[PDB]
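The primary structure of each chain is shown beneath.
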Amino acid sequence: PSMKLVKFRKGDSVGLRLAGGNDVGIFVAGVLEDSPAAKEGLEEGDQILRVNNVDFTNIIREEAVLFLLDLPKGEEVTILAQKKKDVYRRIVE
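A chain's residues are numbered here from 1, following its sequence as written, a convention that may not match the entry; residues for which no coordinates exist are omitted. Neither water nor hydrogens contribute to the side-chain values; these are computed over all heavy atoms in the structure.

The record lists X-ray crystallography as the method behind this PDB entry and 1.989 Å as its resolution.

The PDB entry lists the chain under the name Tight junction protein ZO-1, with Homo sapiens given as the organism.

Asks: Quick one: what's the story with the overall build of the chain, residue by residue and with numbers?
Replies: Numbering goes from the N terminus for both helices and strands, where a helix is a DSSP run of H or I of at least four residues and a strand is a run of E of at least two. Assigned secondary structure in the chain consists of 3 helices and 6 strands. For the chain, the succession of helices and strands along the chain, N to C, is β-β-β-α-β-β-α-β-α. Put simply, the radius of gyration uses C-alpha atoms, and a globule should come to 2.2 Å times the residue count raised to 0.38. Taken against the 2.2 N^0.38 rule, which gives 12 Å for 93 residues, the C-alpha radius of gyration of the chain at 12 Å falls within 12% of a compact globule. Here the C-alpha coordinates of the chain stretch approximately 35 × 25 × 25 Å along the principal axes. Counting over 93 residues, the chain shows a buried share of 38%. Residues count as neighbours in contact if any of their non-hydrogen atoms are within 4.5 Å of one another. Sequence separation of 24 or more characterises 69% of the internal contacts of the chain that already satisfy a separation of 6 or more. The Shrake-Rupley method, run with a 1.4 Å probe, gives the accessible areas here. Residue values count only the displayed protein chains as cover. For the chain, the accessible area works out to roughly 5700 Å², and carbon and sulfur atoms hold 47% of it. Working definition: with a 1.4 Å probe on protein chains only, accessible area under 20% of the residue-type maximum means buried, over 50% means exposed, and in between means partly exposed.

Asks: How would you explain the pattern of salt bridges if you had to name every residue and give the values?
Replies: Whenever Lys or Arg places a side-chain nitrogen within 4 Å of a carboxyl oxygen from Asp or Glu, that contact is recorded as a salt bridge. Counted according to the given criterion, the structure contains 4 salt bridges. Between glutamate 43 and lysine 4 there is a salt bridge, with the nearest N and O atoms lying 3.1 Å from each other. Remark: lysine 4 occurs in strand β1 (residues 4-9) and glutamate 43 occurs in the loop between α1 (36-39) and β4 (46-51); sequence separation between them is 39 residues. Residue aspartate 86 pairs with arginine 89 through a salt bridge whose shortest N-O separation is 3.6 Å. Here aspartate 86 and its partner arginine 89 are both found in helix α3 (residues 85-91), 3 residues apart, which amounts to about one turn of the helix. Linked through salt bridges whose partners overlap, the residues forming this network are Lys4, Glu43 and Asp46.

Asks: Please give an account of the side chain of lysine 10 that cites residues and values.
Replies: Tracing the backbone shows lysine 10 in the loop between β1 and β2 (16-20). When near neighbours in sequence (up to four residues on either side) are disregarded, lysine 10 contacts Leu68, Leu69, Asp70, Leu71, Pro72, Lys73, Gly74, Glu75 and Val77.

Printed below as a string of structure tokens:
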């Protein structure tokens with residue numbers, strides 16, 4: 001509708017730093033310089049809605065982190081996201 005659907009190959013890690021969790025949702029807090037996730041256009045302040053076929057709209061940050069780590073190395077990741085800069089800037093507190 002007015003979102004982002006990105007597909008990139010995970011190398012060693014997804015290179016995403018995460019903020020939020022549970023109620024507020026999972027947000028990109030940092031995207032590693034020149035990583036596949038960056039090149040595909042993911043950016044600090046996007047909300048992550050779905051990773052592959054897993055809904056990310058009510059997940060505890062620590063499970064989100066591990067799930068991203070647990071994605072298999074060298075495989076294609078599909079991320080559904082939406083830019084929520086304003087909510088994000090409020091959220092990080």
